Amino acid sequence: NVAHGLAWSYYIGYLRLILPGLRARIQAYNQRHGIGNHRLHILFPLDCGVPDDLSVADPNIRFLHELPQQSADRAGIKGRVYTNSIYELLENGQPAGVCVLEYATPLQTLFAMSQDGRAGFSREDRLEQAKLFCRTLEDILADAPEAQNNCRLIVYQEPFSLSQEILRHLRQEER
Amino acid sequence: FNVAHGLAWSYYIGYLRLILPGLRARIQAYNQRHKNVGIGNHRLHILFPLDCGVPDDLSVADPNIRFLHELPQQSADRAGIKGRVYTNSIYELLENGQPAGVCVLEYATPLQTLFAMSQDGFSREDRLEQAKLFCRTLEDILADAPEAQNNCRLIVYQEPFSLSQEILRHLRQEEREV
Ligand SMILES: Nc1ncnc2c1ncn2[C@@H]1O[C@@H]2COP(=O)(O)O[C@H]3[C@@H](O)[C@H](n4cnc5c(N)ncnc54)O[C@@H]3COP(=O)(O)O[C@H]2[C@H]1O
């Protein structure tokens, strides 16, 4: 039952660490190089298919630029680096949305566990933990309104246009 | 409400399995660019305080752990994040003020997650209970992983003692092992 650990790890060791300073980094980027939405948009594919490059697997998702990095001495690691990536969403091939976008890496852990031969993780076990991971994280954010307001949770299950799914969320947020 | 199994598989799949294959190449890159004693221990040494006291700067834990230099930083695309950076730090361990050992050294960062969970029904004895379960679950994973069990060393201790002397014992054991 790894979902409970993955969710608290994801929240303690990343979300509540990176979300406070995200708006200022987004503002800094708009000063030099716009990005209307100032939330981290996290993708939650329950199939746990997490490619390393987002834009390489979709013509309507295009990498734009890195945000200004955020460095910190972390647990004996001097200058641990946290980078987030700006992507533009394309509709008929002409910018439709721009936002800081990434996957929820804990799902990548669930997938690799399902592929590990030295483990008893089945694709049914993974989908069970994938839902339980999302629910646990959502329960944490429900009592953390600042972090909850500083990110967007995009939960879906591919049987589809990911760029359309993302743009649907961006248009809902504009209200 | 058990988190140790999640922390263990997260630490292995999301870090060790990714960072350990190329650690030796990074270390030999360092040895060719700097003079030492050089780094003859190619294992990542991971401090595992069961009390979950994880300061960010190792010199707070013991001034006889002195930061030397960073390893070559690595860049990779992962989980939709472009150029996620992987960086590790080299420390020298002092004996009578003089360098007696050099290695790549850090804390097991997920132990901070266990600590923050104890601040805010998660007591410190549940925290200590989860840390031990974190340790032994990870050791079972390393037990079935020949490559990673050879490229890293967990240093497991409970603080009631010289942490620098604890590390030097592992390094001396590793160097004198048949
Ligand atoms: N810079 C970053 N970019 C994107 N996402 C980030 C991030 N830092 C943290 N996260 C997210 O939050 C989790 C953090 O867990 P934590 O850092 O306590 O515990 C981490 C950490 O102790 C170790 N680890 C992974 N990558 C590392 C790195 N570049 N440097 C040092 N330690 C790392 O492995 C554990 C599991 O990492 P995993 O990626 O599975 O899980 C990560 C990841 O999903």
Side-chain angles (χ1 to χ4, degrees), chain A residues 2-19 21-22 25 40-44 48 50 52 54 66-67 69-85 100-113 129 133-134 137 140 147 151, chain B residues 3-20 22-23 26 44 46-48 52 54 56 70-89 104-117 130-131 134 138 141 148 152 154:
Chain A
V2 295
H4 286 126
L6 288 183
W8 283 100
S9 164
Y10 190 57
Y11 173 70
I12 297 280
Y14 186 54
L15 278 199
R16 86 152 193 196
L17 271 200
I18 216 59
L19 287 187
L22 187 69
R25 290 166 59 206
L40 181 64
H41 283 65
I42 316 165
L43 300 169
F44 291 87
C48 291
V50 185
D52 294 329
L54 268 164
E66 259 197 8
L67 267 193
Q69 307 196 143
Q70 183 174 111
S71 266
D73 296 338
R74 304 271 310 112
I77 299 179
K78 312 221 92 153
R80 188 174 166 176
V81 170
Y82 298 86
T83 39
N84 307 101
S85 304
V100 187
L101 183 79
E102 69 198 39
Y103 280 100
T105 324
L107 297 168
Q108 203 165 219
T109 293
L110 286 176
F111 179 77
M113 288 180 65
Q129 299 296 304
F133 158 70
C134 296
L137 181 69
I140 294 149
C151 64
Chain B
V3 289
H5 279 91
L7 299 182
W9 278 98
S10 197
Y11 193 69
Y12 172 73
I13 289 296
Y15 190 48
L16 297 188
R17 217 181 57 165
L18 301 176
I19 211 83
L20 290 193
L23 191 72
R26 290 165 74 203
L44 178 67
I46 297 146
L47 298 174
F48 215 94
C52 294
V54 184
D56 284 319
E70 273 178 61
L71 267 185
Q73 311 187 151
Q74 297 305 313
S75 196
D77 293 346
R78 249 193 89 220
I81 292 201
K82 280 300 189 310
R84 205 178 150 163
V85 170
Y86 294 81
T87 179
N88 310 76
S89 302
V104 195
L105 185 67
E106 65 199 44
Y107 275 118
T109 319
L111 293 180
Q112 290 187 329
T113 287
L114 278 186
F115 183 80
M117 282 177 69
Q130 288 293 307
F134 180 14
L138 180 63
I141 294 169
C152 76
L154 271 44

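In each ligand, atom 1 is the first atom listed, and ligand 1 is the first ligand listed. So that the names make sense, note that chain A is the first sequence line, chain B the second, and so on, each numbered from 1.
For ligand 1, the atoms closer than 4.0 angstrom to any heavy atom of B:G14 are 25 (C), 26 (N), 40 (O). In the vicinity of A:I77, heavy-atom distances shorter than 4.0 Å reach the ligand 1 atoms 31 (C).
Looking at atom 12 (O) of ligand 1, its nearest protein heavy atom turns out to be A:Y14 CB, 3.1 Å. The protein heavy atom nearest to atom 1 (N) of ligand 1 is A:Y82 CD2, 3.2 Å. Residue, atom and distance of the protein heavy atom nearest to atom 38 (P) of ligand 1 are B:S10 OG, 4.0 Å. The single protein non-hydrogen atom nearest to atom 19 (O) of ligand 1 is B:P110 CG, 3.8 Å, given as residue, atom name and distance.
Distances between N or O atoms of A:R80 and those of ligand 1 include at least one value under 3.5 Å. Close N/O approach between A:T83 and ligand 1 is not found [any backbone or side-chain N/O within under 3.5 Å]. Ligand 1 has no N or O atom lying under 3.5 Å from any N or O atom of B:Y11, backbone or side chain.
Proximity of B:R78 to ligand 1 is established by a heavy-atom distance of less than 4.0 Å. Taking a 4.0 Å cut-off on heavy atoms, A:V81 registers as neighbouring ligand 1.
Between B:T109, B:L111, B:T113, it is B:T109 that holds the heavy atom closest to atom 22 (O) of ligand 1.
Using a 4.5 Å cut-off on side-chain heavy atoms (C-beta onward), A:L6 and B:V3 make no contact. Side-chain contact between B:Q74 and B:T87 is absent, with no heavy atoms from C-beta onward closer than 4.5 Å. With a 4.5 Å cut-off on side-chain heavy atoms, B:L47 and B:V54 do not count as touching.
In this structure, B:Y107 has its ring center no closer than 6.0 Å to that of B:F48.
Residues satisfying the salt bridge (charged side-chain N to carboxylate O under 4.0 Å, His left out) test with B:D56, not counting sequence neighbours, are A:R74. In this view, B:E106 and A:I77, B:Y11, B:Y15, B:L44, B:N88 satisfy the side-chain contact (heavy atoms from CB on, under 4.5 Å) rule, not counting sequence neighbours.
Annotation: the span from A:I42 atom CD1 to A:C151 atom SG amounts to 4.5 Å, rounded to 0.5 Å.
Checked by atom type and distance alone, the side chain of B:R84 never pairs as donor or acceptor with a backbone atom of B:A76 at under 3.5 Å.
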